[PDB]
Amino acid sequence: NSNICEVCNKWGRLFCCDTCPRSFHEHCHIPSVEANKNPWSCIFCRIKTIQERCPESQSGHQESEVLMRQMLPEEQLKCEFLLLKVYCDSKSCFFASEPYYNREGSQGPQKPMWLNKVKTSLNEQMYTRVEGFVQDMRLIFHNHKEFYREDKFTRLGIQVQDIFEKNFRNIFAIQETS
Ligand SMILES: [Zn+2]
Ligand SMILES: [Zn+2]
Ligand SMILES: [Zn+2]
């Protein structure tokens, strides 16, 4: 197994996947690494199993259909995995914890949002459809772009949104387009 966390790339108290060489801090994995379970398989491995059990699940889909899906266990898992792919990027630090807004010439957003809040909402089964999870994720970056206006810091929202959107298209097998 790897000797660093797959998510944050640091050493520490690591839990090792039984079916692949990845390792994780307890609260870096999503969901948080399960108490018992020998063997244990990470979220990467659980997603790959879904695909292997239903190869047709990789055929192209329309985003509008994916958003309307109810949050049954496979969709729950796919959203957890997508959230974890965003935490995998180091620039997620800027969007992890609760923001505050005091900048001359700007007003904070009406509905603040952040990654740890989405993480808690998934854990608590607060989303009934994929659409709820995706709307809160996109709101994080939209809030950032609107608040930072012409400051070059706006670019961090574009960058992490691009990670989100590429992983969304991959995980949910969105039909490729020009
Ligand atoms: Zn970690
Ligand atoms: Zn694994
Ligand atoms: Zn099938």
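Counting starts at 1 for both ligands and their atoms, following the listed order. These values consider heavy atoms only, across backbone and side chains, with no hydrogens, waters or symmetry-generated copies. One is the number of the first residue; the rest follow in order along the sequence.
- More than 12 heavy atoms of other residues, nucleotides or ligands shown are found within 6.0 angstrom of NE2 on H61.
- Seen from the Zn ion (ligand 1), atom SG of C5 and atom SG of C8 lie 110° apart in angle, a value rounded to 10°.
- Of the angles at the Zn ion (ligand 2), the one spanning SG of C20 and SG of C17 is 110° when given to 10°.
- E56 contributes OE2 as its N, O or S atom closest to the Zn ion (ligand 3).
- A cation-pi arrangement is absent between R155 and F153, since the terminal nitrogen or guanidinium carbon is not both under 6.0 Å from the aromatic centre and inside a 45° cone about the axis.
- The aromatic rings of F81 and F44 sit perpendicular to each other, their planes meeting at more than 60°, with 30° as the lower class boundary.
- Rounding to 10 degrees gives 120° for the angle at the Zn ion (ligand 1) between ND1 of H25 and SG of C28.
- In this structure, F172 and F168 have tilted ring planes: the angle between them lies in the 30° to 60° band.
- The Zn ion (ligand 2) forms the vertex of an angle spanning SG of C42 and SG of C45; to the nearest 10 degrees it equals 120°.
- Taking the six-membered ring for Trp and thresholds of 30 and 60 degrees, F24 and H29 have ring planes more than 60 degrees apart, a perpendicular arrangement.
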